[PDB]
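Only one chain is shown below, in structure tokens, and it's the form deposited in one PDB entry.
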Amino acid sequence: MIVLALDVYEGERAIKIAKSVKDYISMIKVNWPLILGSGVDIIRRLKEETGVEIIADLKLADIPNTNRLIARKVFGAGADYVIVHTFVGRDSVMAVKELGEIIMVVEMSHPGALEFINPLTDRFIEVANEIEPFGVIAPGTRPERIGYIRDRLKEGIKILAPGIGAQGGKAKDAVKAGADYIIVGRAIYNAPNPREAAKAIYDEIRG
């Protein structure tokens, strides 16, 4: 299953692309830049126009009440899932889960992640096991991490994996290693033919 990181900051174009690839994706993921540029209502427009589930990749990291206010507005606009950090505490995570389904951050992909976040991943996975969110993200860059997380994560909690390599076999291998969803961005939205690009990835996964 593919999660399209719809990082097309032109509202009308983003909606057109999402509608065109709907047949081959399971969810659309939106971020703060898109919400800032098009208004939070871009989420409702997308929900009404495509009927595809929406993940709001906000990586919420505020105090409980503020996380709650943000979640109320975003789930309110049509989001089905909100990505939240684990680092700020269980109360901040539960303030969001109270209003809708969540996906927790237990490990990150950038160089800075090695400073504080990744050394704590084992502990963050234990928190996710306690909370039982819909899922967690496993930087799919290098495979090993998908399996590493899967081996420590309670069954029932899904894994979404971004950063999959372009080599043939990489997407199917990520799923075989533990990824329930593959998060894809530019490979689809900036393709000459987004629908055919999504179909190609979908076909490898189901092949």
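Residue positions are given as counts along the sequence shown, with the first one as 1. Rigid core (definition): largest C-alpha set, two forms, superposition within 1.5 Å.
Averaged over CA atoms, B-factors in the entry run higher in 45 to 53 than in the other of 45 to 53 and 168 to 176. Set 79 to 87 against 117 to 125 and average the Cα temperature factors; 117 to 125 ends up higher.
Comparing C-alpha B-factors across 68, 158, 29, 142 in the deposited entry, the largest value falls on 142. Per the deposited record, the Cα B-factor of residue 33 falls in the middle third when ranked against the other modelled residues of its chain. In the deposited entry, the Cα temperature factor of residue 146 places it in the middle third of its chain's modelled residues. Per-chain ranking of the deposited C-alpha B factor places residue 40 in the highest third. For residue 188, the recorded CA temperature factor ranks within the middle third of the chain's modelled residues.
The same protein has a further form, the form deposited in another entry, not shown here; the description that follows concerns it.
Core-superposed comparison between the shown form and the other one: CA of residue 168 displaced by 2 Å or more. Once the cores line up, the CA of residue 129 ends up less than 2 angstroms apart between the shown form and the other one. Whereas the shown form places them at one spacing, the Cα atoms of residue 184 and residue 168 lie at least 3 Å closer in that other deposited form. Cα of residue 201 to Cα of residue 168: at least 3 Å longer in that other deposited form than in the shown structure.
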